[PDB]
Every structure is written in C-alpha cells, then in structure tokens.
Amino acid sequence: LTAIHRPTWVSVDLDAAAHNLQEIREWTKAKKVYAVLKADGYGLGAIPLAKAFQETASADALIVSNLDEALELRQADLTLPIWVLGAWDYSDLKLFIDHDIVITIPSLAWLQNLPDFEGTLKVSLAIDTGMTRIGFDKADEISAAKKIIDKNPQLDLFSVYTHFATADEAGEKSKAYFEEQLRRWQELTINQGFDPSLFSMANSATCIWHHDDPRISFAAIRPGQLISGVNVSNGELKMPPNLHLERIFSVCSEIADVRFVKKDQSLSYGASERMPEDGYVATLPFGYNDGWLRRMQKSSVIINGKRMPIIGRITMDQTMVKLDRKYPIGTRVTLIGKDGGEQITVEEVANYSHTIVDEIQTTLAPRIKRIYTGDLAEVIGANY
C-alpha cells in the first residue's frame, strides 16, 4: 500500500538552467556572465541555481536583492563574487568586505563621506540613464567619483553599469526611449577613461533582442528572468528563433489511482460524460483547490513522453485521465501550460520621497515544493 505525501511539485532542471546561461553567452559573445537571482531564483531556488552555475562555470558572479540572501549563499559554500543590489549602509561595510560582496555606489555624496575601513571594498558605479533614482546622471559627478575611486586603492571598481527599461517593450515610443537612454549612457561615459572591460549594459531583454547592436557592450551581461526560460516581454515580442532557451521548470504530479472502466460506464457521480472505450483511467491528485491549475490547459497531460487526454469532471482534488495502456501508481505526470512562455514572477515598485520599494514575487504554485532533476542536480547534492 503506498502513501503519497508529495502529490504535486515543481520540477526544476538545473542542466537546462546552465544551458540557458551558456546560450545567451554565445548569443551576445559575452566575456563575463553575472546571473541575476532575485526572489529566490525567480521562485525556483537561488541556492541550487547558484551552485549549478558555480560548478559548470557558466556564471562568473551572482546578483541578488538582499544582503541576507548574499550571506545565505555564502553559508551554502558559494564562492563566486556576489553583488547585492540595494544595500550600501556604512554600518554593513565590514560584512560586505569580509564576505566579498559587491555593492552599488548610489551617489557622489556617499563616496565622499565613505568612512575609513580595512580590506578591499568592491563597488559598482551605476549610471542613471533615465528610469531610476539610483546612481549618477551628471558627467562631472562621474569623473569626480572616478577620481575618488582611483585615488583609493581599497576601492575596487567591479562594474560601471546601467540597463534599458524598454528593451522588453514593443513599438516606436519605446525604440526612441531606448535611443534616448543609449545617448545618455554615451554622454555620461565616453571620455571618462573607464577601463571598458568594466562596462555592463545588458539585462535579459537587451541580451535577447539587441545582440547585434554594436553600440551595446556585452562585456558583462546580467541575465535574470530569462534564466528560467520564459519570455521576458510578456506577450509583446517573439523570441528569436535562433536562440534556444529551454523552459527549465514543470509542474508535475503522479497517478494516485488506476481503474479499468468499461466502454459505456459513468465516469463520476453526477457526471454528464460516459467513457468511449474499454480501457484504463488514472486519477491524479490535483484539482480546483490548486490555484496554480488555472494557468494550465485542462484537456491534456504528459505521461511517458506522450500526451493523454483529461476526461470528465475535475473536482477539488481529483483529475481523471484516459491512459493508452495500464500504468502503475506513482507514474509521473507533467502539466501543460496554456502559455509555455508565461511569466513565473510579478514585480511591484513604489516610489516615495526617501525610499524605493521594489518587490518581486513568485506566481508559480507557491505552496508546493521545488524538486531538482538532472545530472547537474546529482553532482551539486540537490537530487535526493
């Protein structure tokens, strides 16, 4: 008799995540790849994703949104450099240095008033080319800042960076905002004398749809949302056919019950539908209780590489499938999404006088466990 205490789960193939970092490297001819892992790896797991990237050498740094995620990654024996995005308290200086964490330089004032400290602090200089309040938007302030950095050998400039807000939007008003931002980048950086291997310009969207524009430096790319294999444009643009990003995640379940049901028998109590032929029917332990179900098509599932049909009434915790032959209980089932490229995260920003709130959150089956598959998963110790 068998007990199923894990009837559904999100299956995450870490090989495919690695592969995605590898593809987008080749697509952009990038030197360095900085893997952006916000919201616990876009709700897929930052640690396992990070370990997979360290072992395959497919990322050269990791970017995260909170100091406490940097510290946890360090605890998990990640050794790559890590860059935390919105943290720069003078009081955390010791933590940043001791744990080799890169931080963003937010303003000229911040650099001028840097207190004294031991060791090397790795810093990134953010170029406000428009749609943000973080960092530098004046050419004279940037060179003031480059002076303070150069003069101080305890400061190690990790990156001079920006990103384009409208690379993932379609149209004309957006092509022109893109140009405007690229103008500002150049106005703000040309003739400053920056070692050009420090430039980082490309977020996911920039990497995908502007890889042939020579004006964009791919010195250090910063792929985030695209790591999961989704379409970053939310419907607006089509993925380039030549770029082969793999969708890395699936929602899965398993067969909890198999019944031989005969040619005309009723499929369930109260049911409209009868069954077309002698043959087996599987009951899967999900239904309308599962809020994630409403992003899945409800006519088919995948079992054994093949696509068998959903028949009858779905209940709160039961979905039935006509099988092609008999399968044993415990056989894996994979759900199919209405839209394969649909986002798995949502972002919410708010701007106030002295504070910017930037919250990313999962929208993929938040209440079920993440399971890691594939050879890479075995090697990093995440595949039990």
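So that there is no doubt, residue numbering starts at 1 and follows the sequence shown.
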Averaging C-alpha B-factors over each stretch, which comes out higher, 249-257 or 188-196?
-> 188-196
Mind pulling up the entry and telling me whether 222-230 or 277-285 has the higher mean Cα temperature factor?
-> 277-285
Compare the CA B factors listed in the entry for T166, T104, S159, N203 and report the winner.
-> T166
Between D140, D290, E72, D100, which one tops the list for C-alpha B-factor in the PDB entry?
-> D140
Name the third of the chain's ranked CA B-factors that contains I82, choosing lowest, middle or highest.
-> lowest
Comparing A30 with the other modelled residues of its chain, is its CA B-factor in the lowest, middle or highest third?
-> highest
Which third, lowest, middle or highest, does the CA B-factor of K38 fall in along this chain?
-> lowest
Is the Cα B-factor recorded for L323 in the lowest, middle or highest third of its chain?
-> highest
